[PDB]
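Inside the fold
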Amino acid sequence: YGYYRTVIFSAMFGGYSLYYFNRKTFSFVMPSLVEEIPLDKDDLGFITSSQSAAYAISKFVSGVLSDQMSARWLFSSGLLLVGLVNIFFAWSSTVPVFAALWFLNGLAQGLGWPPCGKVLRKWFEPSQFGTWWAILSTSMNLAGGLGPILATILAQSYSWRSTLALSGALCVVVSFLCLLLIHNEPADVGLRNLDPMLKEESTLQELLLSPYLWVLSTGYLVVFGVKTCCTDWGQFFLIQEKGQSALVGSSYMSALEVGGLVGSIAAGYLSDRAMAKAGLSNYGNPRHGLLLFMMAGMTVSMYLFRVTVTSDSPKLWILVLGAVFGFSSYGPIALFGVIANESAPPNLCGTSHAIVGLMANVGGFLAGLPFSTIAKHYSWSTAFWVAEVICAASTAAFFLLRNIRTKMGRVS
Ligand SMILES: O=C(/C=C/c1ccc(O)c(O)c1)O[C@@H]1C[C@](O)(C(=O)O)C[C@@H](O)[C@H]1O
């Protein structure tokens, strides 16, 4: 029994990191690409947005029909397609072609997320799902940190083409391995399935009218959209306007991801500690106080980065701002998942998470072409100023709505 749970969870952890590294490989190798194939700021945006659009369509549709699909096949198939797209991209040299391959990568990526959830419920008792989900989430943060550094070093003699085209062969091999290892159900290998686990079931039309659902959703679009702006365009702001080199720009990229690793873990640990001292009720959520502090740090940290950082600034001051931003950015994302689960009606628990995910990727879309267009017209600094203002305004609005009703659905 135990031997099987370790092999599976490790395997899913391994697979998830590779989907992500491959989703972002484009951002990792962007400075080099621009130098070899010269491109305008706007062109870069179109390629980034195209992936975000596909992912959103795929992730919403997939979840709805996932109850009809097998996890072992779905995870493996998705990985193979992502890998093949990466190989082709390196060979290709023109922008219209690059964008279409990126859309295809986005759609394949969608296939991966629903299976992970199904195995987790099936092999682990419902009580522990929360802990496992968070450990699994850390896979992304590890991959994201390792990659930028690897690129700024591997590009010493190798081409951008050959450093993206191994991230395809490795994907194919690991897809085969994960097809071999993952098992859909405990009954498949001979072990007994886990023991299976009618009070005012709200109708779907009553869910969409809940005031707290939108405050929790639009508050997730702003945080996620801002995190994508600094993840993709933060490197060119230092390279072009701040007079920094490419190595320093990629060093800031890794320190951003490392900060979130200690941020997601601390957010879960700190949240329930405060929850046990007050308790839960219909009006308000005790984790609001912790969420406001993390959001406050995010807007303050970005303000110092735009103004204080310059060519004279030492390397240490650049990294510390990135690390603090990573802690303050990834922290709300972990809390938003927990808050949605408890507030959601028991009968519509699954649909509530899907709705939040839909508006999640819309924020990523706005961080692509619309953000790049503002930067090209005036400057990179002008575009980042707009992102700072939007984040600050959201915190004040969410502050005033801290005492609204949270339990979605008709409450007697
Ligand atoms: O599904 C969940 C969270 C469940 C959860 C948490 C704590 C628990 O204790 C628990 O029992 C259950 O969150 C969703 C995760 C999301 O799909 C992702 O990042 O991949 C984005 C968005 O869709 C979120 O809503």
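**A short note on the packing of helix 11 (residues 288-307) against helix 15 (residues 380-400)**
Interaxial distance between helix 11 and helix 15 falls to 10 Å at its minimum, and their mutual angle equals 160 degrees. If you check the angle between helix 11 and helix 15, you find them roughly antiparallel. Crossing of helix 11 over helix 15 shows left-handed handedness. Residue-level contacts link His288, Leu291, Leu292, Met295, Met298, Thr299, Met302, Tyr303 and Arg306 of helix 11 to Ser381, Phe384, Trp385, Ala387, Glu388, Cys391, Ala392, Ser394, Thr395, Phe398 and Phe399 of helix 15.

**Looking at the pattern of salt bridges**
Summed over the entire model, instances satisfying the criterion amount to five salt bridges. Across the salt bridge formed by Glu36 and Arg161, the nearest N and O atoms sit 3.5 Å from each other. Taken together, the residues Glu36 in helix 1 (residues 2-36) and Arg161 in the loop between helix 5 (129-154) and helix 6 (169-181) connect sequence positions 125 residues apart. Among the ionic pairs, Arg306 bridges to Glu388, the shortest N-O distance being 2.8 Å. Taken as a pair, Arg306 in helix 11 and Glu388 in helix 15 lie far apart in primary sequence, 82 residues in all. Both residues of the pair, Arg306 and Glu388, belong to the buried class.

**Focus on the nonpolar core**
Among the nonpolar cores identified, the biggest contains 65 residues, and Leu33, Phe89, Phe371 and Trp380 are the most heavily contacted of them. Considering each element in turn, this core owes the most residues, nine residues, to helix 8 (residues 211-232). In this structure, this core is formed jointly by two domains, domain 1 (1-190) and domain 2 (199-406), each of which donates at least three residues. Among all residues touching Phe89, those that are not within four sequence positions of it are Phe26, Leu33, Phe98, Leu101, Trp102, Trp160 and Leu164. Formed by 20 residues, the second largest nonpolar core is a distinct cluster that contains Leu79, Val119, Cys171 and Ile182.

**What to know about the site of the ligand**
Lining the immediate environment of the ligand, one finds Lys59, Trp113, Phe129, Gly130, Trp133, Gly337, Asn341 and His353. Contact between the ligand and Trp113: an oxygen atom at 2.8 Å from a side-chain N or O atom of the residue. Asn341 has a polar side-chain atom sitting 2.8 Å from an oxygen atom of the ligand. When isolated, the ligand has an accessible area of 540 Å², and the protein chains bury 74% of it.

**Observations concerning the packing of aromatic side chains**
One pass over the full model with this rule turns up 22 aromatic pairs. Both rings, one in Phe9 and one in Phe124, keep their centres 6.3 Å apart while their planes meet at 85 degrees; by these two values the pair is edge-to-face. In this pair, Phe9 sits in helix 1 while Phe124 sits in the loop between helix 4 (95-123) and helix 5, placing the two residues 115 residues apart along the sequence. Here a set of aromatic residues connected by ring pairs shows up, and it is made of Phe26, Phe89, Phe98, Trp102 and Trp160. One residue, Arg5, lies across the ring of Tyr1, its end atom 5.6 Å from the ring centre.

Rules and cut-offs
- Residues numbered from 1 in each chain as written, not as in the entry; some residues may be left out.
- Heavy atoms only, no water.
- Residues with missing side-chain atoms left out of burial classes, pairs and counts.
- Axes fitted to C-alpha atoms, helices over the stretch in contact; angles between N-to-C directions.
- Helix = DSSP H or I, 4+ residues; strand = E, 2+ residues; numbered from the N terminus.
- Parallel < 35°, antiparallel > 145°, perpendicular 65-115°, else oblique.
- Left-handed = near helix turned anticlockwise from the far one by under 90°.
- Contact = heavy atoms within 4.5 Å.
- Salt bridge = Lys/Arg side-chain N within 4 Å of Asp/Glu carboxyl O.
- Buried < 20%, exposed > 50% of the residue type's maximum accessible area, 1.4 Å probe, protein only.
- Core = buried A, V, L, I, M, F, W, Y, C linked by side-chain atoms within 4.5 Å.
- Domains from an automatic or database assignment.
- Near = heavy atom within 4 Å.
- Polar contact = N/O pair within 3.5 Å; in protein donor to acceptor, adjacent residues only side chain to side chain.
- Areas by Shrake-Rupley, 256 points an atom, 1.4 Å probe, with all protein chains shown as cover.
- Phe/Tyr/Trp six-rings, centres within 6.5 Å; stacked < 30°, edge-to-face > 60°.
- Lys NZ or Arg CZ within 6 Å of the ring centre and 35° of its normal.

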